[PDB]
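Residue numbers (the deposited numbering), protein chains in the order written: chain A, 19 to 49; chain D, 71 to 349; chain Z, 261 to 290; chain C, 59 to 406; chain X, 318 to 421; chain V, 58 to 498; chain e, 17 to 25, 34 to 65; chain Y, 10 to 389.
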Amino acid sequence: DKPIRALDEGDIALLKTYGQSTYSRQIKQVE
Amino acid sequence: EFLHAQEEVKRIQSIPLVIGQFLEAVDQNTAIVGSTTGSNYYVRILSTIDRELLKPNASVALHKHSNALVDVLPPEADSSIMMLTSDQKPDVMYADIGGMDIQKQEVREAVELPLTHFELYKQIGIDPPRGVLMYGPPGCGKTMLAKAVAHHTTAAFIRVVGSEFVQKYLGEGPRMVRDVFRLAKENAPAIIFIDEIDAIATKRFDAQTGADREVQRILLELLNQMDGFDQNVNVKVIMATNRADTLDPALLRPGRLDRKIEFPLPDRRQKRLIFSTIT
Amino acid sequence: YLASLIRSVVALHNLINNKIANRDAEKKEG
Amino acid sequence: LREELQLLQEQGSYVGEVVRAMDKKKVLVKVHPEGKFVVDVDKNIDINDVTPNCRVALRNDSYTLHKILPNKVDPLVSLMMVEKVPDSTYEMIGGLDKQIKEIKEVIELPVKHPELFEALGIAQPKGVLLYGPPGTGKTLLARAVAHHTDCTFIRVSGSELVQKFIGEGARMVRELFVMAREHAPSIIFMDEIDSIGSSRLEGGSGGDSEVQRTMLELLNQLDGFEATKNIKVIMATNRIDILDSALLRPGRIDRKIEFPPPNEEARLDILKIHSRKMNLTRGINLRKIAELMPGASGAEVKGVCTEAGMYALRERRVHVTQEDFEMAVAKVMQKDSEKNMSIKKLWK
Amino acid sequence: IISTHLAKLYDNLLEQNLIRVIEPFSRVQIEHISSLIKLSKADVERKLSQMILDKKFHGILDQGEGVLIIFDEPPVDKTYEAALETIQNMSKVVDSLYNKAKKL
Amino acid sequence: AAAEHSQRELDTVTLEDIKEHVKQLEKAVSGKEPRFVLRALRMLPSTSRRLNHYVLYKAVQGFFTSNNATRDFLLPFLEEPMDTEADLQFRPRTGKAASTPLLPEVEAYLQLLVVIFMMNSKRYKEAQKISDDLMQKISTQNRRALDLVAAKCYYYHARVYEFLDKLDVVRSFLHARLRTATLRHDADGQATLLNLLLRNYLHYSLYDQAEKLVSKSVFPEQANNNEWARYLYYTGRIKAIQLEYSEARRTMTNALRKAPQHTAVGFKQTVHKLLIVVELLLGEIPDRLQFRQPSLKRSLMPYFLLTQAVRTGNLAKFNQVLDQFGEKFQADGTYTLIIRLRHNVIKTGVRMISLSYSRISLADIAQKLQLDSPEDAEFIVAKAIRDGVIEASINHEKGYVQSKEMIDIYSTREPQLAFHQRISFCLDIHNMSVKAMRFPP
Amino acid sequence: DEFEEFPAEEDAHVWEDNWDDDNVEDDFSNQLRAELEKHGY
Amino acid sequence: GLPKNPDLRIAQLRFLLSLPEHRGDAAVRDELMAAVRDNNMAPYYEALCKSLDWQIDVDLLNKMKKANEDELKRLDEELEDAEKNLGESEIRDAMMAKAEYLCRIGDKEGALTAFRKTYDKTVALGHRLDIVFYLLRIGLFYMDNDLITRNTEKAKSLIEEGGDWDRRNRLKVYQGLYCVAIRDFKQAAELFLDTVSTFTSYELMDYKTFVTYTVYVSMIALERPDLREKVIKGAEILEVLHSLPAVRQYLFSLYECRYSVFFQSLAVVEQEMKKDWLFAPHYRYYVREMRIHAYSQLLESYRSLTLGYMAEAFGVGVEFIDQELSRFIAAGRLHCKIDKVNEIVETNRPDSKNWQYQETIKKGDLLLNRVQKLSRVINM
Ligand SMILES: Nc1ncnc2c1ncn2[C@@H]1O[C@H](COP(=O)(O)OP(=O)(O)O)[C@@H](O)[C@H]1O
Ligand SMILES: Nc1ncnc2c1ncn2[C@@H]1O[C@H](COP(=O)(O)OP(=O)(O)O)[C@@H](O)[C@H]1O
Ligand SMILES: [Mg+2]
Ligand SMILES: [Mg+2]
C-alpha cells in the first residue's frame, strides 16, 4: 500500500495553527 | 608555602584509612560513600583523585576521622564465580589435542583470532562472531578443546556448566547468567565457555509450571545477555551439546550462536592421531 | 635537554596565548 | 589548596532519608544504622523543598539538615538507565520503514508535539509491543530508538525483575517507574517479556506466583489508578500468544507491531545495509543472493554476510565473491530435517 | 617435496649446530668452526653471513683476518627513542602554534 | 567611469589603513610601549602600495593642516585632484586635535609615505628634497619611539641614494647617525644603520673598512630577523673575502635560515649564490635542491654548471663556464671567489678521497686526483690537512695517508657540549618568553 | 618586509634527483660486460 | 573490465621508436602501423610523423581522415537523434561514444574537451568514475603530469564519496603506475603489493608485466624482512614468476646473497628497463640504488672484508669494486671506509646510541630553529 509520509515541521506548525486558535492558546496558558 | 601545602595534601591520605563503598557522586569534590562501619556518609573528595576512577561500586579509602574520601583502592576483582586465574589454567595445549583440525580452525577463527588479529576483521568489516556451539557425541573433546582455548588465551576465561545455573530460589539462575556476563564485560576481553547446555537450552515450548517457567526464564536471560540491547563487545561465548537437534532456534540464531561446529566420533585418521598423542 | 625543550615550548605556547588574550581584550574594549 | 585542606578537616556528614516535614523548622529523617531523628534545618535550606523520601544530608554534630542531595535510587534500578547510548541507527534497519513509522507515531510524535493529540481530543498512545519471529530486529529497533530519542531510555531485560525474594520484583518495578517519572519524559524498553509477562497461571504449586505479582505491579504501574504522564513502554518479545491478555489489552499496550520475516526487497535492503563495509567484487548481484534466501530472519542475513567475510578471511583475501556469498548462504541456511522417514510418513 | 623439506631440515640443523658451537667462543676463526662442524670454509662463511644479516645470532665476521666476533646487542636505550618521539611531538606542537599566532 | 569610482574606493580604504596606522602611533605615544610602533612599520610595507597621487594629497590635507611649513613643503611635490563631486572631508583631527602640533611619529610616517610614493614614481630628485627635510626635522627629536620610525626612514634614505647612484655624499651622515643611535643605546636603529653602512661599503668595495667596523661595532641581538639576515649576509661576504671560509659558510647558512620564508626572492637568490660559492671553496658539494627550486632555478643555473664542472673534476668545463657565464658573476659580485675556486678545486677531490678511503697511498691519491707526481700529492694532502679540510696524517716513511681513527664520540665530551649549547638556548628562550608576558593594566 | 634593495633577478620533473644522476658514464650492462671479459681471461 | 582505449602498447611502441638504437627498428614500426590501421588513428599518425620526421602515406592518411570524418558525422547524428527523441541517458551515451572515438583516433585535446563536457553532463557516479578513469588513461598515454594528478585527485574524491572496491583497486593500480612514473618507488611498491592478488586492470598491462613491475619496485623499496615476507614468500608472485625465470632469478639472487648472478640479472633488468616506456628516466637511478643495496647488504654481515672477497662475490675486478665503493661512500650511501694499502673495507656502522644521538641532534636542531623563528616572530 501507500507508505505513510513523514510529518515535516511545516506540517506540524500548520496542524497546530490551522484550526481553533481564538481561545485555544489562552485556554491552555490559563490552565 | 605551596610545597608545604602539597605535603599536607599528601599527608591527608595517610595510614590508617577506612575502606568504604563509593555509593554515588553528588557533584565536584563531593560524594556519598558507604563505609564498612555500616553507615553511609556525605563526604568531600580530594582533588588529587581522578573523577573517572570513582565507579558507583568501586571501593574507596576514607580518612579515619573526617570520613572524607581520600583514595581509591585497586579493583579487587577476584575468582568471583570462576574467573580462571593464571594458576588455574587447565594446562592443556593444542599439542595435547590429537587431530581436531577443522574444529580447532573454526574455534581459533572465532575466539582466538579476533582477540589478536582484529585488523583483518576490520579490513573486511564483518563483525567477527560472538557465539559458537560444539555439538557431538559425548567424550569427543569439546570440553578439552575449551580447556586448550583457555590455556592459550590472552583474555579472561570463564568456565561454567549449564547445571550451576539451575538453582532453587527462582531468579538466581538468570541472576547468575547476568552476573557471569557482567563479569566478562568488566574483565574485557573475556571468553565464556558455557559447558554442557542441554539442560537449560531446550526448546521454549509452552510452559505451564513454575520449574518450566524458570528454566525458560534462564534461557531467555541467556538470549538477552548474549545478543540484546546492551552490546557486550570483546567477549565470546562457547557452548557444548550432545545432539543439537534440540535447543531453541533463538539460541541457534546466527546473531547469538554464529558458529555451530560438529565434533563427530574419531575415524581411522583422527583415531590414529589420538592414539599417537596419548601414547 | 629534552625537559628544557619541553619547558621552552610550553613557555612559548603560554606567551602566544597571553598575547592573543591581551589583544582580544584590547579589541573587545572598543 | 588551603581551602581544600580546611574543608577536608570538617567532619563528614551523615546522609538520611526524609519521612516528612513536621514544623517548617524540623524534619523527620531516618539515618542508615540508627532510627528516626527529628532534626533542625539549615538556614539556607527551605522547608518547602525537602519532600518525603529525598535523602538529605545531616551535620555530624546536631544532625542539622544542611543539604537536600539527590534522591535515593535502588542500586540495580539505576543500572537500568542507559547513559552511553548504543550505536544502532534507523539507517541500519532495512525493510521496516512502516514498522519504524508506526513505533515513532507513539515514541516520537506524542513527546515532541503533545499539542496535536490535545487538539485532536485523543489520548496519547502509551505501549508498543514489538512481536515477531526471532532475529527480525525488535531489540535492534529499540536500540535505534535509543540512539535517536533525546529522552530517557531506561532499559529492562525480561529477567532482571524476577529476584529470589517475595515482593522485591514488584518493588523494583515500582522504583523503575518512579525513576522514569522523575526523569520524564522517558521510554522503558522491556526485552524478552515472555519471562515476566507470560499467560497468568492459577494457584497450585505449578504457578510461579511471584512472577505474576511482579506482572500485576507492572501492569498497574503502566496503566492503573495513577495515570502515567510522558512515559512510553516499548516491549519486545516472541511468542505473542503466550503472554496474558491483561498487559495485551489496548489500554496497557496501544500498538502491537508485527515483525514478519523480511520479504525479498526487505532482504535486499538488509543485504545492502550489512555489506556497506565489505569490499564486494563486481558480479556480486545481491538480488540473486536474496533469491537464495527464501524467507530468512534478518539476523540470518547478517550471519550470511559474516560467513562470506569468514571465507574471504580464511582465503586471506579482502574481497568477497558471488560464489562465496551463495555458499555462505548455504551454510547459514542449514536446516535440520526429521531424518526419519518413519516419523515423516505418519502423516499421509 | 622430499628435496625441499630435507633441504629445509638440513639448513635448520646447520643453524642449530652453528649456534651450539658458538656459545663458548667470542672471536673464533671460521676455520675452527668449519673443522668442528665438518664442512667447507666457504659454506660456513656464507651461512654465518646469512644468519648475521637475518638478525639471527649477533656478531660480525672479520674477513680480513678470519673471525666472527660475538657481543651482547645493547638493548636500544628506550630513553633516547622516547626522546626522539617527544621531539617529533613538539615539532607537531610547534606547527600547531604556527597555525596559531596568525591572530597577531 | 566606474573604474575611477573603484579606484576612489580602494584609495579611501588606504586612507582608513593609514588612519589606523597613525592611531596606533598615537596609542604607542600615549601607552609607553614601542611595540605598537613596530606593528605600524610592519603594516607600512603593505600600504606602501595601493596608493596614488590623490591618496597622499588627501592624507596630507587630512592630517597636518596646521598651516605649518610642512604643508608648504609637501603639497607642491605632488599633484592635486580636481573639484570632485565626492568632496568627503577626511578630517581625523577635529579642533583641538588639529590645533596641537603633530607628534613626530605621525608626521614622520606621512612624510615617509611621501618619499616612498615619490620613489614609486621614479623621480628620485623630488624625493631627495623631502627626505632631506624629513631627516632635518627628525634629527633634533630625541623620542625613543621615533627612533623606530627613524630606523625605517633611515633605510629608505639610503635606498633613494641607491637610485641616485651616489652612496657617498651621505656616508659620513650615516656614520654620525649610527654613532648617535649607539649613544642612545637604540637597538633597531643601530642595527638597520649598520646594515645600510655595510651595504654601502660593499657597493664601493671597501671590504677592509667593513671588516674593521664589524670587528669594532657589535650587532644588537634584539633586532629584527630581517635586519639580522641582512647583517649575516654582509658578514658572510666579508668573511668569504677575508678567506675565513668556514665562518662565512656558517654565517650565510644562518642568514638563509633567517630569511623571510618566501618574501625576498632576490635576497635569497644572492644568499644562495654566495653560499654555494663559499661551500665549493670549502670543498663541500652543496644541496642539489637549491638548483631545482621554482624561484632559484634559472638564477643558480650557472652555479649549477659550475658545481657540476668542479664535482666532475673537469677543469676544462670550469674554464668554459667561466667564458660564457663567468661575466655574470661580475654582475653578481663573485668573480674573485670563482677564480679562487678555479685554483682551489683540488681541495674537493682531496676531501672526497679522505671521505671514501682511510689508508690510501700517496701514489693512488695522485692517480685519482690527476696529480702529475706523488710529491705534489704529498704537498697537496699536507696542505689540506693543515688547513682543516682533512683529518689524516701521512706516514712519510712508506707513503700512506692514514686518516684519524674515528673514536666513539658519545663516549667523549662532545655530546655534552652540544647538549649544553642546546640547553642554554632552550633556557634563554624560556626566559625571554616568560620575561615579557605582556600583562596589561 | 620584502627586501627590495636586492632585485629579484624543459626539465620540469617532479622527482628529487641526486647529484649522481648528473654524472655521465656508460650503462651498467656495458661496465659489467667489460669487467666480466677482463676477469674471464 | 574497462576498455583498452587508449592502448598503452601504442605509447610503448612510440617511445621505443623514439629511442636511438630502436629508431631504425622495423618490427616496432610494423606493429605500430598495424595498430594504427586497425584503429584508423589519423591525428596521432600526423603527430608521430612530425615527431619522427616520417614520410606520410597520402592515400592511407586521406582514407583515415575520411573514415574519421564520416564516423564523427555518424556520432553527431546519433547525438542529435537522442536529443530530439530520447532522454538525457541516450544523449549522454552518445557523447561518451563520441569522446571514446576521439580518444581512440588519437585526438588529445578533442578527447579531453569531449570527456570534460560529458563529465559536466554526467550524473551517475559510476559513469563519472569511468570518465575520470578514461582521462587518467589519456594522461598516462601522453605522460601529462598535471592531467594525471588532477584526475587522480578527482577519482580519489569520487571514491571517497562513493567507491566500489573494484574501482578503488583500479585506482590503486593507476596510482602505482604514476608513482613509478615519478620515481616515487615506495608508494608504487605499496600499491603494487596491495593490488597483485586482485589485479584486474588488464587494459594498462598484462599480468606478467604488472608482476615484473611489482617485483622491481618492491625490490628497490622494501627492506629485507618485508621483501622476504611479501615478495619472496608471495603466493601469486611466485606463481607468475614460475613462468618468468629471468625475473625470478633476479629477485632470488639478492635474497639468497648470490651477488654475481644478481649483478648479471641486474644488467639484464637495466637493459629491459631502458626500453620500457614508463621506467625510462629512472633506469640509471634504479641500477645505482640496486648496486648500493647489494653493497650495503653484503657489508651488513661483515666488519672488515678484503676487496678481493667482494670482487669474487660480485664476479668483478678489484678496481671496479673499489671505484664503485669509493663513489658510493663519497655520496654517503655506505657505512664503511677503504684501506687501499691492505685493500680492506672496514664498516663504520654507528651503534644504536650513536645513531640515536645523531638523530636527536638533527631533529632537535630543526625543532629549535622552528622555535627560534616562532619566538622571534611573536615577541616583536
Ligand atoms: N583428540 C583427542 N586427543 C587426545 N585425547 C582426547 C581426544 N579426544 C578426547 N580425548 C580424551 O577424552 C576426554 C574427553 O573429555 P571431554 O572433553 O569432557 O569430552 P566431551 O567434551 O565430549 O564430553 C579427554 O579427557 C581426553 O583425555
Ligand atoms: N531489518 C533489519 N536490517 C538490518 N539488520 C537487521 C534487521 N533485522 C534484524 N537485523 C539484525 O539482527 C540482529 C539482532 O536481531 P534482534 O533485534 O535481536 O532480533 P529479535 O529482537 O527478534 O531477537 C542485529 O545484529 C541486526 O543487524
Ligand atoms: Mg565434556
Ligand atoms: Mg532480540
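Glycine is no exception: its CB is placed at the ideal position from the N, C-alpha and C atoms.
C-beta neighbour in chain V for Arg-385(Y), strict 8 Å: yes
Would a check of beta-carbon distances place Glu-59(e) closer than 8 Å to chain Y? True, the Cβ-Cβ gap to chain Y drops below 8 Å.
Per DSSP, the bridge partner or partners of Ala-115(C): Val-73(C) and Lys-125(C)
Compare the C-beta of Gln-365(Y) against all C-beta atoms of chain X and say whether one is closer than 8 Å. yes
Simplified DSSP assignment, three categories, for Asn-337(C): strand
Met-299(Y) at chain V interface by Cβ criterion, 8 Å: no
When burial is assigned at 16 or more other CB atoms within 10 Å of the CB, is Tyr-53(Y) buried or exposed? buried
If we cut at 8 Å on Cβ distances, does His-332(C) have a partner in chain Y? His-332(C) does not count as touching chain Y.
Give a yes or no on whether the C-beta atoms belonging to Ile-187(V) and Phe-134(V) are separated by under 8 Å. Cβ atoms of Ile-187(V) and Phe-134(V): closer than 8 Å.
Contact list for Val-38(e) against chain Y, beta-carbon separation under 7 Å: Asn-154 and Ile-191
Find the nearest neighbour of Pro-192(C) within the set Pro-336(D), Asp-318(D), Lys-341(D) and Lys-80(D), judged by alpha-carbon distance. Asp-318(D)
Residues sharing a beta bridge with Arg-146(Y), DSSP: The partner list for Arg-146(Y) (beta bridge, DSSP) is empty, contrary to what the question assumes.
So what's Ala-258(D) in DSSP terms, helix, strand or just coil? coil
By a C-beta neighbour count over all protein chains shown, 10 Å radius and 16 as the cutoff for buried, is residue 499(V) buried or exposed? There is simply no residue 499(V) to check, as chain V begins at 58 and stops at 498 in what is shown.
Through-space distance from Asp-51(e) to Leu-362(V), alpha-carbon basis: One alpha carbon belongs to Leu-362(V), the other to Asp-51(e), and they sit about 23 Å apart.
Unbroken alpha helix (DSSP H) runs of length 4 or more, entirely within the segment 10 to 37 of chain Y: which are they? 17 to 27 and 29 to 32
Cβ neighbour criterion (16 or more within 10 Å) applied to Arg-101(Y): Burial call: buried.
Given a cut-off of 8 Å on the beta-carbon distance, is the pair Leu-290(D) and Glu-275(C) in contact? no
Can you find a CB in chain Z that lies within less than 8 Å of the CB of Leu-205(V)? No, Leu-205(V) lies away from the interface with chain Z (no Cβ there is under 8 Å from its Cβ).
Inter-residue Cα distance where the pair is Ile-180(C) and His-171(C): 13 Å
Could you please tell me which residues of the segment 268 to 280 of chain Z, in chain order, have their CB closer than 7 Å to any CB of chain Y? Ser-268, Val-269, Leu-272, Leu-275, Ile-276 and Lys-279
Tell me which same chain residues have a C-beta within less than 7 Å of the C-beta of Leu-88(Y), skipping the five on either side of it? Closer than 7 Å at Cβ, skipping near neighbours: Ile-100, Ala-103, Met-104 and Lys-107.
Just to confirm my understanding: we take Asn-77(Y), look at its own chain, exclude 5 residues before and 5 after, and list those with CB closer than 7 Å. What are they? Once the five neighbours on either side are set aside, the close Cβ partners of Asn-77(Y) are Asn-49, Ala-51 and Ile-114.
If you measure from the CB of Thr-213(D), is any heavy atom of ligand 3 nearer than 7 Å? yes
Do you know how far the Cα of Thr-391(V) is from the Cα of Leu-300(V)? 13 Å
Using alpha carbons as the reference points, say which of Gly-325(D), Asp-282(D) and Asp-161(D) lies closest to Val-307(D). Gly-325(D)
Measure the alpha-carbon distance for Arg-229(D) versus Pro-472(V) and round it to whole angstroms. 58 Å
Three or more C-beta pairs under 8 Å: does that hold for the segment 241 to 252 of chain D against the segment 207 to 223 of chain C? yes
Please report the distance separating the alpha-carbon of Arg-114(D) from that of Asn-274(Z). Approximately 33 Å, taken between the alpha carbons.
Beta-bridge pairing of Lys-156(C) - partner residues as DSSP gives them: DSSP lists no partner for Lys-156(C).
Cβ pair count under 8 Å reaching 3, the segment 152 to 161 of chain V against the segment 189 to 206 of chain V: yes
For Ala-131(D), which of helix, strand or coil comes out of DSSP? strand
8 Å Cβ cut-off: residues of chain Z touching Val-224(Y): Chain Z residues near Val-224(Y): none, gap ~43 Å exceeds 8 Å.
Rounded straight-line distance, which links the Cα of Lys-349(Y) to that of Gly-456(V): C-alpha separation (whole angstroms): 12 Å.
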